[PDB]
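Heads up, upload.pdb below (PDB, C-alpha atoms (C1' of nucleotides) and all ligand atoms):
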```pdb
ATOM      1  CA  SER R   6      86.436 101.591  55.400  1.00  0.00           C
ATOM      2  CA  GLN R   7      90.073 100.995  54.403  1.00  0.00           C
ATOM      3  CA  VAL R   8      92.374  98.242  55.688  1.00  0.00           C
ATOM      4  CA  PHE R   9      95.257  99.621  57.798  1.00  0.00           C
ATOM      5  CA  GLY R  10      98.747  98.413  58.448  1.00  0.00           C
ATOM      6  CA  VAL R  11     101.331 100.296  60.491  1.00  0.00           C
ATOM      7  CA  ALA R  12     104.334 101.836  58.720  1.00  0.00           C
ATOM      8  CA  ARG R  13     107.052 101.826  61.409  1.00  0.00           C
ATOM      9  CA  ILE R  14     109.674 104.152  59.918  1.00  0.00           C
ATOM     10  CA  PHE R  15     113.112 104.174  61.571  1.00  0.00           C
ATOM     11  CA  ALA R  16     115.098 107.057  60.093  1.00  0.00           C
ATOM     12  CA  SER R  17     118.626 107.189  61.475  1.00  0.00           C
ATOM     13  CA  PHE R  18     121.571 109.099  60.021  1.00  0.00           C
ATOM     14  CA  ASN R  19     123.090 105.984  58.431  1.00  0.00           C
ATOM     15  CA  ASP R  20     119.985 104.328  56.907  1.00  0.00           C
ATOM     16  CA  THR R  21     116.194 104.598  56.602  1.00  0.00           C
ATOM     17  CA  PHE R  22     113.798 101.731  57.368  1.00  0.00           C
ATOM     18  CA  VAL R  23     110.320 101.402  55.818  1.00  0.00           C
ATOM     19  CA  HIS R  24     108.656  98.511  57.603  1.00  0.00           C
ATOM     20  CA  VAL R  25     104.886  97.972  57.358  1.00  0.00           C
ATOM     21  CA  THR R  26     103.246  95.543  59.778  1.00  0.00           C
ATOM     22  CA  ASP R  27      99.698  94.780  60.771  1.00  0.00           C
ATOM     23  CA  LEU R  28      98.131  96.650  63.662  1.00  0.00           C
ATOM     24  CA  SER R  29      99.780  94.330  66.239  1.00  0.00           C
ATOM     25  CA  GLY R  30     103.198  94.472  64.585  1.00  0.00           C
ATOM     26  CA  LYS R  31     103.746  90.719  64.843  1.00  0.00           C
ATOM     27  CA  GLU R  32     103.213  90.228  61.083  1.00  0.00           C
ATOM     28  CA  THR R  33     105.556  91.997  58.657  1.00  0.00           C
ATOM     29  CA  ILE R  34     104.162  92.839  55.214  1.00  0.00           C
ATOM     30  CA  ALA R  35     107.054  94.732  53.576  1.00  0.00           C
ATOM     31  CA  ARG R  36     110.504  95.889  54.757  1.00  0.00           C
ATOM     32  CA  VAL R  37     112.688  97.895  52.333  1.00  0.00           C
ATOM     33  CA  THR R  38     115.696  99.884  53.545  1.00  0.00           C
ATOM     34  CA  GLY R  39     117.493 102.691  51.777  1.00  0.00           C
ATOM     35  CA  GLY R  40     120.501 100.389  51.475  1.00  0.00           C
ATOM     36  CA  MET R  41     118.699  97.985  49.151  1.00  0.00           C
ATOM     37  CA  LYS R  42     118.281 100.851  46.668  1.00  0.00           C
ATOM     38  CA  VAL R  43     121.858 102.175  46.521  1.00  0.00           C
ATOM     39  CA  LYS R  44     125.353 100.713  46.244  1.00  0.00           C
ATOM     40  CA  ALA R  45     127.150 103.507  48.110  1.00  0.00           C
ATOM     41  CA  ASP R  46     127.417 103.456  51.890  1.00  0.00           C
ATOM     42  CA  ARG R  47     127.473 107.254  51.987  1.00  0.00           C
ATOM     43  CA  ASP R  48     123.800 107.648  50.836  1.00  0.00           C
ATOM     44  CA  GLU R  49     122.046 104.712  52.534  1.00  0.00           C
ATOM     45  CA  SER R  50     120.076 107.301  54.535  1.00  0.00           C
ATOM     46  CA  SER R  51     119.458 109.624  51.598  1.00  0.00           C
ATOM     47  CA  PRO R  52     115.961 111.000  50.922  1.00  0.00           C
ATOM     48  CA  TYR R  53     116.207 109.560  47.412  1.00  0.00           C
ATOM     49  CA  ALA R  54     116.793 106.031  48.696  1.00  0.00           C
ATOM     50  CA  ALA R  55     113.967 106.374  51.238  1.00  0.00           C
ATOM     51  CA  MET R  56     111.503 107.495  48.554  1.00  0.00           C
ATOM     52  CA  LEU R  57     112.485 104.537  46.396  1.00  0.00           C
ATOM     53  CA  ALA R  58     112.165 102.277  49.446  1.00  0.00           C
ATOM     54  CA  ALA R  59     108.643 103.512  50.117  1.00  0.00           C
ATOM     55  CA  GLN R  60     107.592 102.901  46.520  1.00  0.00           C
ATOM     56  CA  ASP R  61     108.748  99.272  46.707  1.00  0.00           C
ATOM     57  CA  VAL R  62     107.134  99.048  50.126  1.00  0.00           C
ATOM     58  CA  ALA R  63     104.038 100.646  48.733  1.00  0.00           C
ATOM     59  CA  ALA R  64     104.182  98.390  45.663  1.00  0.00           C
ATOM     60  CA  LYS R  65     104.334  95.214  47.757  1.00  0.00           C
ATOM     61  CA  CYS R  66     101.424  96.377  50.012  1.00  0.00           C
ATOM     62  CA  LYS R  67      98.650  96.672  47.375  1.00  0.00           C
ATOM     63  CA  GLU R  68      98.948  93.026  46.337  1.00  0.00           C
ATOM     64  CA  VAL R  69      98.575  91.943  49.978  1.00  0.00           C
ATOM     65  CA  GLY R  70      95.493  94.155  50.552  1.00  0.00           C
ATOM     66  CA  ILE R  71      96.912  97.090  52.527  1.00  0.00           C
ATOM     67  CA  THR R  72      95.153 100.194  51.260  1.00  0.00           C
ATOM     68  CA  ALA R  73      96.027 102.538  54.132  1.00  0.00           C
ATOM     69  CA  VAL R  74      98.678 102.709  56.883  1.00  0.00           C
ATOM     70  CA  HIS R  75      99.361 104.380  60.236  1.00  0.00           C
ATOM     71  CA  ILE R  76     102.753 106.046  60.673  1.00  0.00           C
ATOM     72  CA  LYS R  77     105.131 105.470  63.594  1.00  0.00           C
ATOM     73  CA  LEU R  78     108.264 107.533  62.963  1.00  0.00           C
ATOM     74  CA  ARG R  79     111.286 107.122  65.204  1.00  0.00           C
ATOM     75  CA  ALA R  80     114.829 108.383  65.283  1.00  0.00           C
ATOM     76  CA  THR R  81     117.733 106.338  66.544  1.00  0.00           C
ATOM     77  CA  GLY R  82     116.876 107.368  70.109  1.00  0.00           C
ATOM     78  CA  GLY R  83     118.264 105.667  73.185  1.00  0.00           C
ATOM     79  CA  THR R  84     121.501 107.394  74.167  1.00  0.00           C
ATOM     80  CA  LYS R  85     122.015 108.513  70.541  1.00  0.00           C
ATOM     81  CA  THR R  86     120.367 111.301  68.544  1.00  0.00           C
ATOM     82  CA  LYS R  87     116.634 111.927  68.906  1.00  0.00           C
ATOM     83  CA  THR R  88     116.238 113.750  65.626  1.00  0.00           C
ATOM     84  CA  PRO R  89     114.944 111.718  62.671  1.00  0.00           C
ATOM     85  CA  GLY R  90     117.238 110.976  59.774  1.00  0.00           C
ATOM     86  CA  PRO R  91     117.055 112.747  56.422  1.00  0.00           C
ATOM     87  CA  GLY R  92     115.193 109.813  54.848  1.00  0.00           C
ATOM     88  CA  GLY R  93     112.140 109.791  57.118  1.00  0.00           C
ATOM     89  CA  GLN R  94     110.317 112.753  55.575  1.00  0.00           C
ATOM     90  CA  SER R  95     110.697 111.607  51.953  1.00  0.00           C
ATOM     91  CA  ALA R  96     109.624 108.011  52.590  1.00  0.00           C
ATOM     92  CA  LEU R  97     106.528 109.421  54.302  1.00  0.00           C
ATOM     93  CA  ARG R  98     105.813 111.782  51.389  1.00  0.00           C
ATOM     94  CA  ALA R  99     106.325 108.939  48.918  1.00  0.00           C
ATOM     95  CA  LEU R 100     103.712 106.819  50.709  1.00  0.00           C
ATOM     96  CA  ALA R 101     101.083 109.559  50.452  1.00  0.00           C
ATOM     97  CA  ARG R 102     101.798 110.110  46.729  1.00  0.00           C
ATOM     98  CA  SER R 103     101.824 106.366  45.990  1.00  0.00           C
ATOM     99  CA  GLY R 104      98.076 105.870  46.473  1.00  0.00           C
ATOM    100  CA  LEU R 105      98.327 104.614  50.043  1.00  0.00           C
ATOM    101  CA  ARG R 106      96.102 106.490  52.451  1.00  0.00           C
ATOM    102  CA  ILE R 107      97.475 107.791  55.785  1.00  0.00           C
ATOM    103  CA  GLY R 108      95.848 107.626  59.218  1.00  0.00           C
ATOM    104  CA  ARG R 109      97.444 108.589  62.523  1.00  0.00           C
ATOM    105  CA  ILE R 110     101.022 109.872  62.678  1.00  0.00           C
ATOM    106  CA  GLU R 111     103.115 109.564  65.840  1.00  0.00           C
ATOM    107  CA  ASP R 112     106.728 109.900  66.918  1.00  0.00           C
ATOM    108  CA  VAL R 113     107.837 106.736  68.679  1.00  0.00           C
ATOM    109  CA  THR R 114     111.435 107.737  69.217  1.00  0.00           C
ATOM    110  CA  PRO R 115     112.636 105.939  72.368  1.00  0.00           C
ATOM    111  CA  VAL R 116     113.422 108.566  74.984  1.00  0.00           C
ATOM    112  CA  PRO R 117     115.216 107.638  78.230  1.00  0.00           C
ATOM    113  CA  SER R 118     114.516 108.848  81.747  1.00  0.00           C
ATOM    114  CA  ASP R 119     118.131 110.043  81.953  1.00  0.00           C
ATOM    115  CA  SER R 120     119.671 106.664  80.817  1.00  0.00           C
ATOM    116  CA  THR R 121     122.989 104.800  80.714  1.00  0.00           C
ATOM    117  CA  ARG R 122     126.293 106.377  79.693  1.00  0.00           C
ATOM    118  CA  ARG R 123     126.660 107.512  76.079  1.00  0.00           C
ATOM    119  CA  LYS R 124     129.564 106.459  73.907  1.00  0.00           C
ATOM    120  CA  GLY R 125     132.245 108.978  72.924  1.00  0.00           C
ATOM    121  CA  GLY R 126     133.972 109.703  76.221  1.00  0.00           C
ATOM    122  CA  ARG R 127     134.135 112.801  78.363  1.00  0.00           C
ATOM    123  CA  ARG R 128     135.681 114.960  75.639  1.00  0.00           C
ATOM    124  CA  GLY R 129     133.367 113.796  72.852  1.00  0.00           C
ATOM    125  CA  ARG R 130     134.470 112.687  69.407  1.00  0.00           C
ATOM    126  CA  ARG R 131     137.281 115.036  68.509  1.00  0.00           C
ATOM    127  CA  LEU R 132     137.474 115.922  64.800  1.00  0.00           C
TER     128      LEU R 132
ATOM    129  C1'   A L   1     153.599 141.661 175.721  1.00  0.00           C
ATOM    130  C1'   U L   2     154.162 147.790 176.793  1.00  0.00           C
ATOM    131  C1'   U L   3     153.894 148.813 181.631  1.00  0.00           C
ATOM    132  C1'   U L   4     156.050 148.216 187.569  1.00  0.00           C
ATOM    133  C1'   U L   5     155.959 145.735 192.141  1.00  0.00           C
ATOM    134  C1'   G L   6     164.828 147.505 194.947  1.00  0.00           C
ATOM    135  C1'   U L   7     166.101 143.028 191.768  1.00  0.00           C
ATOM    136  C1'   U L   8     166.215 137.754 188.346  1.00  0.00           C
ATOM    137  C1'   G L   9     163.718 133.603 186.881  1.00  0.00           C
ATOM    138  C1'   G L  10     158.651 135.588 189.084  1.00  0.00           C
ATOM    139  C1'   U L  11     153.219 134.103 188.716  1.00  0.00           C
ATOM    140  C1'   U L  12     148.203 134.394 187.280  1.00  0.00           C
ATOM    141  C1'   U L  13     145.175 137.144 187.912  1.00  0.00           C
ATOM    142  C1'   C L  14     144.820 141.728 187.017  1.00  0.00           C
ATOM    143  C1'   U L  15     144.741 145.420 184.195  1.00  0.00           C
ATOM    144  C1'   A L  16     145.047 147.294 177.824  1.00  0.00           C
ATOM    145  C1'   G L  17     145.528 145.912 172.709  1.00  0.00           C
ATOM    146  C1'   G L  18     144.320 143.599 168.477  1.00  0.00           C
ATOM    147  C1'   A L  19     141.162 138.952 166.160  1.00  0.00           C
ATOM    148  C1'   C L  20     136.736 136.587 165.884  1.00  0.00           C
ATOM    149  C1'   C L  21     131.802 135.152 167.704  1.00  0.00           C
ATOM    150  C1'   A L  22     126.438 136.635 169.052  1.00  0.00           C
ATOM    151  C1'   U L  23     122.393 140.277 170.282  1.00  0.00           C
ATOM    152  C1'   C L  24     120.407 144.856 169.273  1.00  0.00           C
ATOM    153  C1'   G L  25     120.146 149.357 166.535  1.00  0.00           C
ATOM    154  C1'   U L  26     121.231 152.428 162.252  1.00  0.00           C
ATOM    155  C1'   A L  27     120.346 152.298 156.034  1.00  0.00           C
ATOM    156  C1'   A L  28     116.522 154.543 150.422  1.00  0.00           C
ATOM    157  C1'   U L  29     120.527 148.227 153.217  1.00  0.00           C
ATOM    158  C1'   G L  30     123.051 145.702 148.491  1.00  0.00           C
ATOM    159  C1'   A L  31     122.249 142.910 141.652  1.00  0.00           C
ATOM    160  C1'   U L  32     123.967 149.103 135.591  1.00  0.00           C
ATOM    161  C1'   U L  33     122.150 148.743 130.238  1.00  0.00           C
ATOM    162  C1'   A L  34     120.003 144.258 127.264  1.00  0.00           C
ATOM    163  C1'   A L  35     124.315 146.080 122.053  1.00  0.00           C
ATOM    164  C1'   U L  36     120.184 146.505 114.477  1.00  0.00           C
ATOM    165  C1'   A L  37     127.143 141.511 119.677  1.00  0.00           C
ATOM    166  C1'   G L  38     126.398 136.883 120.696  1.00  0.00           C
ATOM    167  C1'   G L  39     124.128 132.020 122.988  1.00  0.00           C
ATOM    168  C1'   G L  40     119.497 129.594 124.257  1.00  0.00           C
ATOM    169  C1'   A L  41     114.053 128.677 124.419  1.00  0.00           C
ATOM    170  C1'   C L  42     109.343 128.925 121.477  1.00  0.00           C
ATOM    171  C1'   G L  43     105.849 129.415 116.397  1.00  0.00           C
ATOM    172  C1'   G L  44     104.441 128.692 111.598  1.00  0.00           C
ATOM    173  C1'   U L  45     107.267 127.489 107.982  1.00  0.00           C
ATOM    174  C1'   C L  46     111.078 126.589 103.908  1.00  0.00           C
ATOM    175  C1'   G L  47     114.741 123.941 101.144  1.00  0.00           C
ATOM    176  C1'   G L  48     117.260 119.143  94.724  1.00  0.00           C
ATOM    177  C1'   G L  49     120.890 119.906 103.285  1.00  0.00           C
ATOM    178  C1'   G L  50     122.102 114.698 105.510  1.00  0.00           C
ATOM    179  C1'   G L  51     121.198 109.286 106.799  1.00  0.00           C
ATOM    180  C1'   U L  52     118.209 104.599 106.499  1.00  0.00           C
ATOM    181  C1'   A L  53     114.686 101.988 104.043  1.00  0.00           C
ATOM    182  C1'   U L  54     110.969 102.070 100.166  1.00  0.00           C
ATOM    183  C1'   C L  55     108.269 102.946  95.315  1.00  0.00           C
ATOM    184  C1'   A L  56     108.460 104.871  89.989  1.00  0.00           C
ATOM    185  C1'   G L  57     110.110 105.792  85.012  1.00  0.00           C
ATOM    186  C1'   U L  58     111.590 104.855  80.256  1.00  0.00           C
ATOM    187  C1'   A L  59     116.058 103.674  78.242  1.00  0.00           C
ATOM    188  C1'   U L  60     120.606 100.333  77.460  1.00  0.00           C
ATOM    189  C1'   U L  61     122.523  95.173  76.813  1.00  0.00           C
ATOM    190  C1'   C L  62     121.191  90.152  76.898  1.00  0.00           C
ATOM    191  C1'   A L  63     117.557  86.053  76.276  1.00  0.00           C
ATOM    192  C1'   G L  64     113.026  84.027  74.943  1.00  0.00           C
ATOM    193  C1'   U L  65     108.627  83.727  71.695  1.00  0.00           C
ATOM    194  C1'   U L  66     106.733  85.745  66.617  1.00  0.00           C
ATOM    195  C1'   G L  67     106.981  87.733  61.758  1.00  0.00           C
ATOM    196  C1'   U L  68     109.162  88.379  57.017  1.00  0.00           C
ATOM    197  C1'   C L  69     113.819  88.607  53.717  1.00  0.00           C
ATOM    198  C1'   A L  70     119.229  90.837  52.059  1.00  0.00           C
ATOM    199  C1'   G L  71     121.590  93.336  53.622  1.00  0.00           C
ATOM    200  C1'   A L  72     122.879  95.772  58.576  1.00  0.00           C
ATOM    201  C1'   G L  73     126.407  98.645  61.080  1.00  0.00           C
ATOM    202  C1'   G L  74     129.695 102.939  60.924  1.00  0.00           C
ATOM    203  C1'   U L  75     131.952 107.435  58.647  1.00  0.00           C
ATOM    204  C1'   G L  76     133.958 113.180  55.787  1.00  0.00           C
ATOM    205  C1'   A L  77     134.528 108.595  52.823  1.00  0.00           C
ATOM    206  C1'   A L  78     135.533 103.580  54.064  1.00  0.00           C
ATOM    207  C1'   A L  79     137.215  99.073  56.289  1.00  0.00           C
ATOM    208  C1'   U L  80     137.563  95.749  60.567  1.00  0.00           C
ATOM    209  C1'   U L  81     132.592  93.377  62.184  1.00  0.00           C
TER     210        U L  81
HETATM  211 MG    MG B   1     137.628 120.987  65.167  1.00  0.00          MG
HETATM  212 MG    MG B   2     119.904 141.895 122.812  1.00  0.00          MG
HETATM  213 MG    MG B   3     101.974 130.758 105.078  1.00  0.00          MG
HETATM  214 MG    MG B   4     120.052 103.114 101.274  1.00  0.00          MG
END
```
Could you rewrite the structure in this file as structure tokens?
Amino acid sequence: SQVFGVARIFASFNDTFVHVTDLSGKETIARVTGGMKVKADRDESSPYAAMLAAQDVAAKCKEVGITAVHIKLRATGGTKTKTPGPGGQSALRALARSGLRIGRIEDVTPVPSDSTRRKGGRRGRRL
RNA sequence: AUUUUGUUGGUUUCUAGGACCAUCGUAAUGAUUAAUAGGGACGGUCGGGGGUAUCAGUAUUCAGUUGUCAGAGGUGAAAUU
């Protein structure tokens, strides 16, 4: 039917990555971050910047031949937060409303089997 | 060693007295409970109890291959980077 890439979306709390590869992931087709759409550091991870990022990502994809994508959402993971950033849901919604068709959706947040020590110290970050 | 042989050492037997040893006979012959104390044995277990090895798991960081291209990071907001 359609020709699938894989939209590997990394939505942290400081930025939002929209990166579409082939199925293998060794070939990158389009990579637009929320920081290429705004000039303020404070909203690099905003839903607005992620939606704009997906439209440019979506815009670049049609001219290469990608008509549909699979979604691999991840949060920062590791020792840091496992919840996705605010930009991951809007960039995903933008892709569906941009004419790209969506296949499988998966969370690929890296999750440790206990892991190494987390930054911040014993008492946490005191504010 | 108490006696008394007129005496004093006598003298060693005698006589008596403990103290043991054997035989025999008497006897209902002789060992308190097993603590809702404890200790110990034993039987199926049960535990993230301990020690020594051994095998996972993803993650983190660093590096090699790739791939694209302008930002990335981080914060309440930034800057150092
Ligand atoms: Mg406080
Ligand atoms: Mg008893
Ligand atoms: Mg049983
Ligand atoms: Mg050992």
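Closest approach to residue 75 in chain L among R:97, R:54, R:132, R:28 is made by R:132 (distances from all atoms listed in the file).
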message: Can you translate the PyMOL selection byres (((chain R and resi 118) around 9) and not hetatm) into the concrete residues it hits in this file, as a list in words?
response: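 This file, filtered by the PyMOL selection byres (((chain R and resi 118) around 9) and not hetatm), leaves residues 116, 117, 119 and 120 of chain R; 57, 58 and 59 of chain L.
Listed by chain and then by number, the residues chosen by the PyMOL selection byres ((chain L) within 8 of (chain R)) in this file are residues 57, 58, 59, 60, 66, 67, 68, 70, 71, 74 and 77 of chain L.
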Point (95.8, 106.1, 63.8) neighbourhood (6 Å, all atoms listed in the file) written as a PyMOL selection string: chain R and resi 75+108-109
- prompt: Could you write out as a count of residues only the residues that the PyMOL selection byres (((not hetatm)) within 10 of (chain B and resi 2)) matches in the shown file?
  reply: 5
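Rounded to one decimal, CA of residue 25 in chain R and CA of residue 100 in chain R lie 11.1 Å from each other.
Residues of protein or nucleic acid lying within 12 Å of ligand MG 1 (chain B), counting all atoms listed in the file, are residues 129, 130, 131 and 132 of chain R.
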Those residues you just picked out, can you put them in a file as a PDB file, in the frame of the given file with C-alpha atoms?
```pdb
ATOM      1  CA  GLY R 129     133.367 113.796  72.852  1.00  0.00           C
ATOM      2  CA  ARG R 130     134.470 112.687  69.407  1.00  0.00           C
ATOM      3  CA  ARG R 131     137.281 115.036  68.509  1.00  0.00           C
ATOM      4  CA  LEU R 132     137.474 115.922  64.800  1.00  0.00           C
TER       5      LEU R 132
END
```
Return as a PDB file with C-alpha atoms (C1' of nucleotides), in the frame of the given file the residues of protein, DNA or RNA that approach ligand MG 3 (chain B) to within 12 Å, with all atoms listed in the file taken into account.
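Contents of the output file result_15.pdb:
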```
ATOM      1  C1'   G L  44     104.441 128.692 111.598  1.00  0.00           C
ATOM      2  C1'   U L  45     107.267 127.489 107.982  1.00  0.00           C
ATOM      3  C1'   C L  46     111.078 126.589 103.908  1.00  0.00           C
TER       4        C L  46
END
```
- prompt: What is the distance, in Å and to one decimal place, between CA of residue 74 in chain R and CA of residue 105 in chain R?
  reply: 7.1 Å
Using all atoms listed in the file, which residues sit within 12 Å of range 1-8 of chain L once same-chain residues fewer than 4 positions away are excluded, as a PDB file with C-alpha atoms (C1' of nucleotides), in the coordinates of the input?
```pdb
ATOM      1  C1'   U L  15     144.741 145.420 184.195  1.00  0.00           C
ATOM      2  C1'   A L  16     145.047 147.294 177.824  1.00  0.00           C
ATOM      3  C1'   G L  17     145.528 145.912 172.709  1.00  0.00           C
ATOM      4  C1'   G L  18     144.320 143.599 168.477  1.00  0.00           C
TER       5        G L  18
END
```
task: Return as a ChimeraX atom specification the residues of protein, DNA or RNA that approach ligand MG 4 (chain B) to within 10 Å, with only C-alpha atoms (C1' of nucleotides) and all ligand atoms taken into account.
output: /L:51-54
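For the pair CA of residue 107 in chain R and CA of residue 56 in chain R, the separation is 15.8 Å.
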- prompt: Counting all atoms listed in the file, what is within 8 Å of range 91-96 of chain R, bar same-chain residues fewer than 3 positions away, as a VMD selection string?
  reply: chain R and resid 14 to 18 20 to 21 23 50 to 59 78 99 to 100
Would you mind putting N, CA and C atoms back on range 64-90 of chain R and writing the result as an mmCIF file, keeping the file's coordinate frame?
```cif
data_model
loop_
_atom_site.group_PDB
_atom_site.id
_atom_site.type_symbol
_atom_site.label_atom_id
_atom_site.label_comp_id
_atom_site.auth_asym_id
_atom_site.auth_seq_id
_atom_site.Cartn_x
_atom_site.Cartn_y
_atom_site.Cartn_z
ATOM 1 N N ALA R 64 104.500 99.339 46.734
ATOM 2 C CA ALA R 64 104.182 98.390 45.663
ATOM 3 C C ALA R 64 103.851 96.999 46.187
ATOM 4 N N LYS R 65 104.613 96.513 47.151
ATOM 5 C CA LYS R 65 104.334 95.214 47.757
ATOM 6 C C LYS R 65 103.005 95.195 48.530
ATOM 7 N N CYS R 66 102.641 96.308 49.184
ATOM 8 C CA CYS R 66 101.424 96.377 50.012
ATOM 9 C C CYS R 66 100.091 96.173 49.275
ATOM 10 N N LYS R 67 99.958 96.728 48.076
ATOM 11 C CA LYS R 67 98.650 96.672 47.375
ATOM 12 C C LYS R 67 98.263 95.228 47.087
ATOM 13 N N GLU R 68 99.229 94.388 46.734
ATOM 14 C CA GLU R 68 98.948 93.026 46.337
ATOM 15 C C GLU R 68 98.668 92.153 47.555
ATOM 16 N N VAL R 69 98.957 92.652 48.764
ATOM 17 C CA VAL R 69 98.575 91.943 49.978
ATOM 18 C C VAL R 69 97.220 92.432 50.506
ATOM 19 N N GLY R 70 96.760 93.618 50.092
ATOM 20 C CA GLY R 70 95.493 94.155 50.552
ATOM 21 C C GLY R 70 95.578 95.384 51.433
ATOM 22 N N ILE R 71 96.775 95.868 51.744
ATOM 23 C CA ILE R 71 96.912 97.090 52.527
ATOM 24 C C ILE R 71 96.601 98.298 51.660
ATOM 25 N N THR R 72 95.536 99.016 52.010
ATOM 26 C CA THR R 72 95.153 100.194 51.260
ATOM 27 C C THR R 72 95.474 101.478 52.003
ATOM 28 N N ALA R 73 95.660 101.396 53.319
ATOM 29 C CA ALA R 73 96.027 102.538 54.132
ATOM 30 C C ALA R 73 96.954 102.082 55.255
ATOM 31 N N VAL R 74 97.754 103.011 55.789
ATOM 32 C CA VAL R 74 98.678 102.709 56.883
ATOM 33 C C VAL R 74 98.679 103.816 57.941
ATOM 34 N N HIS R 75 98.986 103.434 59.185
ATOM 35 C CA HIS R 75 99.361 104.380 60.236
ATOM 36 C C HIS R 75 100.877 104.510 60.287
ATOM 37 N N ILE R 76 101.337 105.696 60.673
ATOM 38 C CA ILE R 76 102.753 106.046 60.673
ATOM 39 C C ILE R 76 103.293 106.118 62.090
ATOM 40 N N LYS R 77 104.373 105.378 62.339
ATOM 41 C CA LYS R 77 105.131 105.470 63.594
ATOM 42 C C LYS R 77 106.605 105.749 63.309
ATOM 43 N N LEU R 78 106.911 107.048 63.186
ATOM 44 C CA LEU R 78 108.264 107.533 62.963
ATOM 45 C C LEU R 78 109.088 107.507 64.239
ATOM 46 N N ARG R 79 110.354 107.138 64.096
ATOM 47 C CA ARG R 79 111.286 107.122 65.204
ATOM 48 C C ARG R 79 112.650 107.532 64.677
ATOM 49 N N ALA R 80 113.435 108.119 65.555
ATOM 50 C CA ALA R 80 114.829 108.383 65.283
ATOM 51 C C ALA R 80 115.625 107.259 65.915
ATOM 52 N N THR R 81 116.945 107.388 65.920
ATOM 53 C CA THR R 81 117.733 106.338 66.544
ATOM 54 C C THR R 81 117.407 106.219 68.027
ATOM 55 N N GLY R 82 117.276 107.348 68.714
ATOM 56 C CA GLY R 82 116.876 107.368 70.109
ATOM 57 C C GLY R 82 117.897 106.760 71.056
ATOM 58 N N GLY R 83 117.388 106.218 72.161
ATOM 59 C CA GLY R 83 118.264 105.667 73.185
ATOM 60 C C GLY R 83 119.192 106.750 73.701
ATOM 61 N N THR R 84 120.480 106.416 73.810
ATOM 62 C CA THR R 84 121.501 107.394 74.167
ATOM 63 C C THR R 84 121.958 108.232 72.977
ATOM 64 N N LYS R 85 121.575 107.847 71.758
ATOM 65 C CA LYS R 85 122.015 108.513 70.541
ATOM 66 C C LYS R 85 121.024 109.612 70.156
ATOM 67 N N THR R 86 121.137 110.128 68.928
ATOM 68 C CA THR R 86 120.367 111.301 68.544
ATOM 69 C C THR R 86 118.872 110.989 68.566
ATOM 70 N N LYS R 87 118.086 111.993 68.949
ATOM 71 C CA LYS R 87 116.634 111.927 68.906
ATOM 72 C C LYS R 87 116.037 112.611 67.684
ATOM 73 N N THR R 88 116.866 113.164 66.804
ATOM 74 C CA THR R 88 116.238 113.750 65.626
ATOM 75 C C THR R 88 116.183 112.735 64.489
ATOM 76 N N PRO R 89 115.080 112.706 63.746
ATOM 77 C CA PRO R 89 114.944 111.718 62.671
ATOM 78 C C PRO R 89 115.937 111.974 61.554
ATOM 79 N N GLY R 90 116.296 110.897 60.861
ATOM 80 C CA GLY R 90 117.238 110.976 59.774
ATOM 81 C C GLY R 90 116.661 111.675 58.564
#
```
